[PDB]
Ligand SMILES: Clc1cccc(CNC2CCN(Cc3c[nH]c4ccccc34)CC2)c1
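Read the single chain below, which is given as structure tokens and is the form solved without this ligand.
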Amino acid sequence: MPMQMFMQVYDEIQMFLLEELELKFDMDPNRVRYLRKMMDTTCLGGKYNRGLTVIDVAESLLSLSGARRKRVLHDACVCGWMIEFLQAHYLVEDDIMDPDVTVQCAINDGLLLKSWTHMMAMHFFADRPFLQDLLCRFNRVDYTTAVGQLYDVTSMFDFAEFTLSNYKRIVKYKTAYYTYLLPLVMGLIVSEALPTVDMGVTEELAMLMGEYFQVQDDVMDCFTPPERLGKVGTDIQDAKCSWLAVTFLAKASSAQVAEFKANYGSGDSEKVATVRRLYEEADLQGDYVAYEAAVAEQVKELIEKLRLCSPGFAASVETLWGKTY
């Protein structure tokens, strides 16, 4: 029912955007079918973890607070695809980072995917009293993500910023705000119960779950094989400010740090294996278990504090944390 409704609204959103281009933007059918194939390629295929979270938060606030039910659920599906389209926009920009027409189309695809989030919001929420507040919070979170990408890209240019506090700043702005906090806020806006929750505890939970999610991703990028991870890990070659790097530099000797700096950020297969050897000898995978356990305790405690004022809203956060844990 949730996934089936989320994909049914996708056909409604896609049909409007493509017909709007045909009727109001004078687009030929050849480009309409081109943009339909591009939209399905970039937006469909994922697990829809961000989009379905908006649905799970909305369905809890309407039953635990009937023409209003069908509207709130449909509004959450549109907001769910706004984030999925936004995620597709970020992924397209990442492919460009790593008269050529394929690059011109990639840049154009990234602009259309972002603008489509505004077009589907200005239409399905044209008469909603929260249209102005939704666009402002959506644009501020998108601006937050762009700032987080500046922290991540320039994390090794200005190992001084290879600290645990700066790592949290990267995860917070680059990932946690739009992946965990944005779906929760959008579920509150479509349910008209936004000021009825403690945003401080809600924001604190979103940053902890994103931190828990990024630490697990950093370890799998280095140790999980490519066929079992789904991609090729490249954090060591790209000199990323990963959780393994900032934790190794804290418990390593002067020679181990010198050997780390002489091998980190290189594409050599032996230098990357040297960095993995330093991570293995430092027992970082043992500290990874203890670090994630402490974060999980902080999540289980803040949900109860959020439950004292948001009983149903905390039930969706546990489900959100359940799929992260």
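Quick note: we count residues from 1 along the sequence shown, nothing fancier. Shifts are known only where both forms have a C-alpha. The term rigid core refers to the maximal set of C-alpha atoms that superpose within 1.5 Å between the two forms.
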property	result
Other compared entries missing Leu64, a third or more	yes
Absent coordinates between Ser65 and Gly66 - deposited residues affected, binned into four classes	4 to 9
Count class of coordinate-free deposited residues lying between the neighbours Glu227 and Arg228	none
Mean C-alpha temperature factor, higher of 213 to 221 and 137 to 145	213 to 221
Which of 188 to 196 and 203 to 211 has higher mean CA B factor, as the PDB entry lists it	188 to 196
Largest Cα B-factor, entry values, listed residues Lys300, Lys37, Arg50, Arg31	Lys300
Residue with maximal Cα B-factor (values as given in the PDB entry) among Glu84, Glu93, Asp109, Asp100	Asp100
Lowest, middle or highest third - CA B-factor, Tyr177	lowest
For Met27, the third of its chain into which the C-alpha B factor falls	lowest
For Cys43, the third of its chain into which the C-alpha B factor falls	lowest
Relative C-alpha B-factor of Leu306, binned into the chain's lowest, middle or highest third	highest
CA B-factor placement of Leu244, once the chain's modelled residues are sorted into thirds	middle
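Beyond what is shown, the protein has a form deposited with this ligand bound; the following relates to that form.
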| query | finding |
| --- | --- |
| Heavy atom of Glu192 within 4.5 Å of this ligand in the deposited bound form | no |
| Exercise: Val171 in contact with this ligand in the deposited bound form, heavy atom 4.5 Å | yes |
| 4.5 Å heavy atom contact, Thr224 and this ligand in the deposited bound form | yes |
| Any non-hydrogen atom of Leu164 within 4.5 angstroms of this ligand in the deposited bound form | no |
| Candidate from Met220, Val72, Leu131, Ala250 lying within 4.5 Å of this ligand in the deposited bound form - any heavy atom | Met220 |
| Partner-contacting position among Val232, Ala160, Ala126, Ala255 - heavy atom within 4.5 Å of this ligand in the deposited bound form | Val232 |
| Moved residue between the shown form and the other one - picked from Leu135, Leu229, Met119, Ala250, where its Cα shifts 2 angstroms or more relative to the rigid core | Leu229 |
| Segments of at least three residues whose Cα atoms shift by 2 Å or more between the shown form and the other one, after superposing on the rigid core | 63 to 65, 227 to 230 |
